[PDB]
């Protein structure tokens, strides 16, 4: 079973982007004059935690206008129906992952026959596409299709002003190869390996100043938060860590491909 995350103190990352997630499953709040955008609903058990984090920062849960996700797996999206019920936020999802969201996991190319991965069915209010913007109150997020991990895995980007300076924030959706994924002659998702390769090409050439992700461990949340509490100049500005993480995951993909082809 998925390890239950622990609470994590919410904080401002940069500009109008806040962390409202856990010590593992990462969620983000973008605060605008016309309401807020929430990224990742996490597990059903985490929805009260997200609400509490939002309110701890002095914001209103009822001001959540838009709900986005990194990708259509239960650990990022299971809480979405509850959030929609409690806030009436509009749920927007990349085209290629909509089937999984509508089916609560039953159409997943890999986990269709693993009921431990299923989650509450919901409807999608707006279907997104590669390069499409999500705009609220002058804030502009861009959805980048970085497929492989899921068919519609989304890497979210935005530009943030921090201490008078401009930074591109990148929330890496995931380019991990899960244990058991088949990369050669995949029966349900034949383009899986081509998709990962495309994601690698996109991410390797992407400007990345503020390095974030769907999981805390991708981007060193805990150690960076400690630096932030100590008053360090934005430790979440980490272009070198971003470059190195993308390169590591690209290498991990090719390592797994080598194992499947030659091992």
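Residue numbers count along the first chain shown, from 1.
**Student:** Is the mean CA B factor in the deposited entry higher across 189-197 or across 121-129?
**Tutor:** 121-129 has the higher mean C-alpha B-factor.
**Student:** Between 30-38 and 54-62, which has the higher average C-alpha B-factor in the PDB entry?
**Tutor:** According to the PDB entry, the answer is 54-62.
**Student:** Looking at 167, 181, 109, 156, which has the highest CA B-factor as recorded?
**Tutor:** Top of the list by C-alpha B-factor: 167.
**Student:** Out of 134, 177, 145, 83, which one has a C-alpha B factor higher than all the others in the entry?
**Tutor:** Of the options given, 83 has the highest CA B-factor in the PDB entry.
**Student:** Is the Cα B-factor recorded for residue 70 in the lowest, middle or highest third of its chain?
**Tutor:** It belongs to the lowest third of the chain when residues are ordered by C-alpha B-factor.
**Student:** Thinking about Cα B factors across the chain, which third does residue 21 belong to?
**Tutor:** As the PDB entry reports it, the C-alpha B-factor of residue 21 lands in the middle third of its chain.
**Student:** Taking the chain's C-alpha temperature factors as the reference, tell me which third residue 217 falls into: lowest, middle or highest.
**Tutor:** Tercile = middle for this residue's CA B-factor.
**Student:** Sorting by Cα B-factor within the chain, modelled residues only, which third would residue 15 end up in: lowest, middle or highest?
**Tutor:** Residue 15: CA B-factor falls in the highest third of its chain.
**Student:** Would you check the entry's CA temperature factor for residue 139 and let me know if it's in the chain's lowest, middle or highest third?
**Tutor:** CA B-factor rank for residue 139: middle third.
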